Structures are given as C-alpha cells and as structure tokens.
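Next come structure tokens for two forms of one protein chain, structure 1 first, structure 2 second.
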Structure 1
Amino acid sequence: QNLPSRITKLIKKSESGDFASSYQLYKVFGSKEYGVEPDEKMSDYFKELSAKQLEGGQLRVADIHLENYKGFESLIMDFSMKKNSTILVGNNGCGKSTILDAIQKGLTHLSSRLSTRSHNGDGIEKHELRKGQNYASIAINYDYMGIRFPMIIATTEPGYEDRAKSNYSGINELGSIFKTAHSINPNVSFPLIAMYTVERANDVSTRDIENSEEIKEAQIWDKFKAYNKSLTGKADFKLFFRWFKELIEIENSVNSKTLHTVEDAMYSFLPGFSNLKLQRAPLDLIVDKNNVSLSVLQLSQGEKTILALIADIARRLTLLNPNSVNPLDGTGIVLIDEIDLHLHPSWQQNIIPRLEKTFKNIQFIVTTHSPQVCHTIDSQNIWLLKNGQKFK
C-alpha cells in the first residue's frame, strides 16, 4: 500500500464530503493507481460511501463524437457545465437532429441501467450509415460530479471488425452507484432522461380517456415509472390526466401540494390561466382563458404543445424525485427537438429562459430554426451547422 500524500488528502476530502474523491479512491484500491494494488475484496468503504454521498450530482453530457453517422463524416461537439442550455441552429440538411437523436441512443442504454431491466435499447442501423462507409461510431462522455464516463456505440459491417467495438464501461458503473445508493436509502433522487421530438402535440386530448383507452389498468406510482416511455418523443397528457384525477380524488397537504406545484409550473408559463379543474361528467378537461370558461378539446396548438410538454416533464420530475421541498429542481437531460414548433413569435423569445427558470437544474439541448429563439441566448451557447461542419 504505497500511499502518497494525495491519497490521504483525498481521503480527508471524502470524509468532508466529495463524491469525486470517493469514486477515484474506489478505482485506486483494486488497481495500480499510485500503486497500492488490490487491498480490499470490493468497495470497502469507498464506493458505498460515494453512494451514501450521492446527492446533488447532475447527469450532464459533456462531449459527443459522431463518426460516419447519418450524413456526417466526423463531428466533435463540446458542451459546457456552467451553462445549462445548448441551442443548435441551422437548416434542413445540416444535421442537428442527427445530434439530438444521436445522443438519445446512448441515453437509451443509460436508461436501461439507471432504473429498468438491463438491455441494449438501440444501436447503429444500416439506414444510418452514410451510404458507402463500413465503420460508424457515436461516442458520448457523461459527466457526473466531475468524473468522465466513456461510451462507444460503434457498429461494424461484415468483413471490417478490426477497429470498431462497443464499450459500455462507464454506464455499467453510473447506474451501479445509483443502485447502491437506493440500497442505502429508498428516497434517493434519480436523474431524468427524456427526449421530446416533433410529435409532442400528437395524442393530446381527453377524447375517450374517461373510458376504455388502455389506461384503465392499475398503475404503480413508483420512482421507476417515470422512466417508462421517456425516449419516444411523445408527451403523455393522457397519463397526466390519470395522475391529475388520482391526486385530486385523494385531495377531497403532502398529497395536495404536488398538483399545486405542477400547475404553477404551467402558470409561470403561458399566461392568463388559473383554476384548472376536471369534468366528472363525460366532458373534457377545463382550463381558464382569462376567466370566462374553456375546455382542453378546444384550444390553440401552442397552448396544447406547451401544456403537454410541461405536464410530462413536471410529472416525471415529481415521480423521480422523492419527498423534497422543491421536486422540480431535479437533475438530468431533457432533449427538446424542434422547440420552435407552434409558438407565437413573442414566445420564441421567452420559451428557453422560462424553461431554465422554472426547471432550473436540467441541461436543455434544444434545436431550432427561428433566429428569435437565440434572441435571449449568448453567442457562446450557439452552434451553427453547415455541410456537416460546426461553427460558433
């Protein structure tokens, strides 16, 4: 056990509280880092101590690399930690969808370890190669508490299995730490993994959800539920209707404050609304339109899309985050594709600042076309694209 003074310094820092030192030492003991060599059988008091001191960490992507995916030949994107917002502006032909929907592939594999069954969700498909190459690769570097996590989703084509191979060596531990933390305590907060594609507005209506619509089955409202159907890109308002019914039925303070917080999440957004109630009789959900009357089946599609999006995000953050003062302060990644979809042009100047105002702990990697989306965004947050190339 050759112990440098750095080992003792990191040990003292870990006692004071720092996940980074704990995970670094858990790698050190059992390896050759500063010698030492395997001392304990496994995770003596280092990985378990990290799991105990697992709180407040943000699951944020830091570096992605595309190699012959979609129409590209090579791409090296660089996000940042101090800024919780990434906006990808370009045109149809210069792929920012091949950035968002290239990160969702790795996010599916992370979802299938974070809290679900361990299984490979998506891989690189033949309709994804650049019509003529044989090797493809997407690399993602998750950064939790300041420690990197490699990902290689590289595929192969027959006859060329020599330099491309998948390596899930970081997400095999990023989820294991969370499982250990959940073993330590049951009320730990897991991050949110979510993508929202162009199809957000699809299936947002109370058509027959008061009747046979496949939600009639009993529902288990645990922490693992919010991870189901998250990376399909469709906002679930029908399930929000089920949750809203259940919470108000129980309401008739801890069982009531959730709906108040979720509703105030929307009220801080698109204005003029208050006192949203249901219809026990076979009518539609009712919401105010500057205090006369209105229902949800009769709305504007900007209202509809914003309502569905924010309802889904708030409901998943409430499920994922256990009893806490502010359940909406959860961490994770929320991918919004085509954010400039059905919003009046005076909204595409406040949609992003309010998203990072109310839900102010989640990185938002969004894609847009209208320049007005960038009107409230610094120049360093913007990534222009042209002919498979990235400009500042």
Structure 2
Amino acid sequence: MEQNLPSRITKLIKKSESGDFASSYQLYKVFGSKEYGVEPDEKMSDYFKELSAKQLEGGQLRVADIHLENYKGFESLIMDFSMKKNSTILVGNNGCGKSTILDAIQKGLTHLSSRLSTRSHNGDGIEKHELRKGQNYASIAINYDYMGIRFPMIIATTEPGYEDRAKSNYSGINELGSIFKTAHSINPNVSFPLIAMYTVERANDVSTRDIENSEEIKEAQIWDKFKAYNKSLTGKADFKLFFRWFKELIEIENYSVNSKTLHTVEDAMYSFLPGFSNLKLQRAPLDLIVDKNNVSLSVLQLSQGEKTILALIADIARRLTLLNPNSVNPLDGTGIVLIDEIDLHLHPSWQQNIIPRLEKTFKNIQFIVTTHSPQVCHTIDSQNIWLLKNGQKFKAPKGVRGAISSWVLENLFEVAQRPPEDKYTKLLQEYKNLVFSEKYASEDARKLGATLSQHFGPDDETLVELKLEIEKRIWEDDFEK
C-alpha cells in the first residue's frame, strides 16, 4: 500500500495504466503535492507524468471558453464554444464587436505558440489602446482543451496609477508545453497543435513579382517542425515561402516525401478549386503555372477569389505537413485556425460550400470564424452561431441549417427581406393596404396594381396573392346582390 491510500488512486489510475492520457494527467496534479487526501509522494507522480508524455495519439487543442472584462467595447461576455461541432461562427453588426473576440483569442494563443516552440518568451499584453475609455482594468481569461483536461490562462493588464487588482496566471500553458517538449524528446516524430490567424489582409501577399529580389528565396530556410509557426499568428499568410516550398520540393523530386506531400498539397487546392489542375513551376521568369480548364495561366492574373482561397488553404496545408511527421494522413492533425471574414472576395455559390469542404478536407481542426453573408450562415446548425449584439451574446434562432436566405436575413441579421425605402416596395405596401381595406377598385388601387404589374410582371409571387384576394372579393359582390 506504500502507506498511501490505494482506493481512489487505483480507481482513477487503471485507465492510465491501460493507456488513457487523461488519468495520468489527473494523477500528476495532486499525487506529487498535498492538495487531496493523497500523501505528498513524488515517485508515482513523476512516473505518471513521464508516462503521460508518451500517451498522446489522437486529440484536439481547442478553445473552450473566453471571459472578457473591459477589453474592447465588451463589459463582460462569457463565450462557451463547442467540443463536438468543429465550427463556431460569430455573426453580428459591424460595430458590436467580433474582431474583439478574435484578437482576444489571438493574444491568448500568442503565448501558447511560444510555450510549445523551442523558445520560452512571452507574447503580447493588453495595450493602452485596448482598454475602454474611462476604465482601469482588463482581462482575457481563456481556457484550452487537450485530450480532456482543462488548462487555464489569464492575460490581464491594469493601470498602476488607478488600481492594481488583476493578476496574470498563465499556469497550464507551461504544463502543455512540458508535455509536448517531452513528447519531442522521446521521439521527434510527434504531431503538434497548429495555431493560425487570418485577418482581412490575406489578399496583400499573393504575388510572384521578383521573388529573388524580395525575400524568402535568398536564404537557407531549414524545414523543421518547431519553427513552422513563423508569422502564423499575424495577418497576411505566406505565399512567397509557399513558392520556395514548391521550388525546393519539385526540384528535389527529380524521394517518397516529394511524391507524398506535394501530391497531397496539390489535391487540397484541386478539390477546393473546381477546375484548376496540373500544377507546375516556371523556371526562367520564376512564376507559377495553373491549368484552368486546359488553358495555362500564371498566378498574377487569376481571379482574386481564387487567389485568396489558394493562399489560405495552401498555408494551412503547408503548416499541417510541416508540423506532422511521416504519416499516411498528414492533413488530419489538430489546431485552432481563426479565419476572420470568411466571406471575403467570394461568390454566393462558394460561400454555401466553403465550410463543409474545409471540414471534409481538414477533419480535426477547429474553425472559429466570423461572417457577414447569410449563405455562409445557413450551412451550419443554430447551436454554433452566436449573434453578438449590443455588447451581449444571443444565440441564433432555432433551425438555421437548411433554411432560406430571406428568413436568415429577417430573423438573424435584422435586415428586411425587401429593400426598406425603394419606391416600388412602398407602392407594394400601399397596394397591400388597399386590397385588404375594403376599398379595392376605387380608381386608386387599379392604377397602383398596374404600376406594380408592369415592373414585377404578372408572375411575382406576392402580386399573384393580392390578385387572388381581389378576385375572391369581387366574387363576394356577385352573390350578395
């Protein structure tokens, strides 16, 4: 018994001995110290931490909740994300605040990225410009989820001259970094959680104009796993390093890595982009070649939407392949990818398929995203759509998935289906009033009906309904006389 209680330890350690990762982490939370009824023994606790290092096979680093106080327009707002649906979409009016939450999550991950990388520096605190006018403190409290153990993190800044109340207890990110560092130590071929952030500036990077002159090809970039997070928590993505990557891989193709990673990355944009095949490089003027419906075009005059959706998934796939070692399925790892303004330079035929394609291609990735187009919204269940409004969170109305655009507008975006002050819709309202007001055919409803009939035609849905009403009511005047 080792003088320690063998009841609860054995109740909670059998699965750990079997291979469960959560039980070992739970053990090395109280076994070493004296926080529960267990004695302060440091043998089994350290053995459990060492063993739990080598127990991560499949998981997902996911943001679970965020708590903000006086950060940026928000007095207090406690989000609660999803651990089953891998897509949360924030919807609201421009001015209520969505990039506030996105920036808060980015600030939270700026320290996790450093904790997981070989470095140990800190990220960024709350700037002076990120405090409410006439306010004294702020907090960015965020919790994370690996295979099932909650890991907190608080990033708070207070003005010394007014009050000193809040603290900054990073805590669990250090433990997570210890787990991943030990996992690398036991075996370098271990998957890491991706972290990425994509602002509204993804477009201003895609250009193959003097790559040799500009940057990122006149270096000796060593392709490793830890440093893949370069410029990942920033705005514009990496297309020039992307082109460096194609150059190196295609030139070395001339073993297995060239046949695997290059093929998989190609298939990514091959599936996302309907009709862009047979990628190849251009050597003399140093550009890219794409075959759009069997005509060859460079990457300097392709459609802007194709450019953005190229760079986005290209960066995601590149970082997933760099972070993951030799594996049959290298795009299915883990990560928290934030994509602000998904409905950016896109056509209403791709906005209805952007999310399912992302989830089918990259399965085990969280995709906290903000949108402003209904066609993006009604592809996802209502339980995963927040409607931030007036500084407080309201969840989307019931049954958004598989709905119609007009209803989504009216009942979620607070936008009228018809234009609010178009003269023809005001005439339509006046007609609808006249039909039901026992005053039809008094020389003032017929002219307006003809005016609306000449514009919409005799086939518009609502006008046919009003025609049915007038026909039935002119039937009434017959049998009553």
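Whichever C-alpha set is largest while still superposing within 1.5 Å between the two forms counts as the rigid core. Numbering runs along the sequence of structure 1, starting at 1.
#### Entry: Residue among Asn167, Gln279, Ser183, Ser212 with C-alpha shift of 2 Å or more between structures 1 and 2, core superposed
Among the listed residues, the outlier is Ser212.
### Core-aligned CA displacement of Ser43 at least 2 Å between structures 1 and 2
Yes, shifts by 2 Å or more.
### Query
Quick one: once the rigid core is lined up, does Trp347 have its C-alpha move by 2 Å or more between structures 1 and 2?
Shift of 2 Å or more: no.
### Message
Rigid core aligned, does the Cα position of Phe364 differ by 2 Å or more between structures 1 and 2?
### Response
Shift at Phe364: below 2 Å after core fit.
### Distance the CA of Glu33 travels between structures 1 and 2 [rigid core superposed, Å]
Core-aligned C-alpha shift comes out at 4.5 Å.
### Query
Cα shift of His375 between structures 1 and 2 after core superposition, in Å?
Here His375 registers a C-alpha shift of 2.0 Å.
### Query
So, with the core fitted, how far does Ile64 move at its Cα between structures 1 and 2, in angstrom?
Shift of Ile64 at C-alpha, rigid core superposed: 0.5 Å.
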